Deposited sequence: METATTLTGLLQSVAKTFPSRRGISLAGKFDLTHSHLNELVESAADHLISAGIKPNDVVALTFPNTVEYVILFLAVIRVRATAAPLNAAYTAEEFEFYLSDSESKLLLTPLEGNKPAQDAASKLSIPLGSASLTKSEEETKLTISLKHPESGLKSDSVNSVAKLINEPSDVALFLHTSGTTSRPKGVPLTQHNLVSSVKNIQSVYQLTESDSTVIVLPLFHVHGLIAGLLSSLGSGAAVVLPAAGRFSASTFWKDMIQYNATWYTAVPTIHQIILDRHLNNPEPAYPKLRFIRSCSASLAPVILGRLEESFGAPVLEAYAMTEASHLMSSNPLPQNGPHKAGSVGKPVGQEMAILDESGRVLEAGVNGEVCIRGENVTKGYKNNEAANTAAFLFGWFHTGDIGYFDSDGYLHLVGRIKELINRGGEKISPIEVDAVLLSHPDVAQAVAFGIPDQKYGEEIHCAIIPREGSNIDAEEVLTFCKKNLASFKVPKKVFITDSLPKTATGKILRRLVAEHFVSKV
């Protein structure tokens, strides 16, 4: 009996392990698989009542809270599409993402999200909030609509083809591409992640990544719940260095997944403030940005768990390749391991499958890969050349078929796992009336791996400064995307600009 649907897999988990711990708010309360399912079903009923019909996009801007986990599964449950969005976005960003995703409802915490609410208000998109009260008197997920539609979920059968998760990604055009991930895509990816790491109901983990990115959402939350394993959300609604190990120990965690920058903080936290003992984990996971072999070495030596580096992207519904469990094979530093439940080939510009050791574009094919970018035949033409999905990454296979990432064909600045389009930031800078030309570029950074700076040629006669350019960018871009330095110059000739203004 194999699930055709993520909703169906999670319902299968509710039935099989109804009493087992599903999700917890660290040091506050625990929800069983069956209780979470009842809450998801109740929230689903409320989304129907609110007028959410199949294929409708419901935008979600929350921290990593149980409210978000219920709503997300409830949106998917009623055959609607979850469009999670970074709460840290500007009104200008929120306006585009809500607009381009055709969001017909925005949900925030009770405190709200003013930039997101400003965007929805202007786009005439209905607003609501969600709050979970779990006291001795009641347990209730209150969905409060500002514009209520009304004053059930039996007839609704989820289909594999149903778009469940919608996320934006960057490529060539300054307008982010829309990535529709099906009910079929996510359950395919959960099986891959469950398989390679052999996740079981006895596993538990602490979420230290944002649940609006596929890493935290699919590998962290959904792959755990689909496996019947337990998920623990830190009280802070985000990664907390001080509570991390207290929460891992108290909730008997067997594994965690983070990015190198998070691992770095946890390592430094082990030097200054060592725990008396550390819980023996099955494995520690790294993804999203290249893990330095030194870090991998330190993590393993410090915590005594095998560190397994993986390679994931949104279009692939997260996981593409991973180093295996030590029991199943070796893990190699500076490698992202072998493909998992999908075909992977190294292709030259002509679509020739290159032999081992030769650098080409890493291309994938599998049930976890998006049908294609939403209403964007141009992007899909290039992205699906020769019947493979083109990642935009340059890499090679060694004799054992282990992938090594050595470069990028696409223009990205990977800032500690967060993706910054130089093309999107160029569009913002060029839009400034006193800016004539602008080039946002990437440089090496000890902490974040890469960092964004920019170089500007101002409109002849204007007296613009870095402070003006920064202030303006901060109104239009999220702080992580904003260039940290602005080199105002006379002429531009990008790799060449980065080669010029880089420091020694």
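In this entry, the deposited residues absent from the coordinate set span 1, 153-159, 502-509, 521.
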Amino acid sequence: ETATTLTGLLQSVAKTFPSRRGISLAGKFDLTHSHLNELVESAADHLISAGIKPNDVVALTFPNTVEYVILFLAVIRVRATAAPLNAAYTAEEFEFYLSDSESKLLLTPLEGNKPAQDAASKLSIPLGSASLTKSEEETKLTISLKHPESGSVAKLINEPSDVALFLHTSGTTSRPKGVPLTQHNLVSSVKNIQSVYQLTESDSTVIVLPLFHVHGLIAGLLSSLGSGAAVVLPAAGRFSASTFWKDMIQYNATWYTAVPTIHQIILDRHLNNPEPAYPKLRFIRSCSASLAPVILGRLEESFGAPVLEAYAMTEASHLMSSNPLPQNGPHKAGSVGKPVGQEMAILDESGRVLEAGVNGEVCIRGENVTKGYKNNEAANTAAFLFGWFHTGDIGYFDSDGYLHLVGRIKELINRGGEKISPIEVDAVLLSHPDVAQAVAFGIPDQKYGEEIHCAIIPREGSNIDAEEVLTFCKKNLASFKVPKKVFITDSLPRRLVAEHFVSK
From here on, numbers count along this sequence of modelled residues.
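As recorded in the PDB entry, 112-120 is the stretch of 174-182 and 112-120 with the greater mean C-alpha temperature factor.
Once the C-alpha B-factors are averaged per stretch, 341-349 and 214-222 rank with 341-349 first. By the numbers in the PDB entry, the CA B factor is greatest at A427 among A427, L299, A241, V208. The residue among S290, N328, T381, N273 whose C-alpha carries the highest B-factor in the deposited model is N273. Among the modelled residues of the chain, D56 sits in the middle third by CA temperature factor in this PDB entry. Sort the modelled residues of the chain by CA B factor and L107 lands in the middle third. Sorting the modelled residues of the chain by their CA temperature factor places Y278 in the highest third. When the CA B factors of the chain's modelled residues are split into thirds, the value for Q264 lands in the middle one. In the PDB entry, a CA B factor belonging to the highest third of its chain's modelled residues is recorded for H147.
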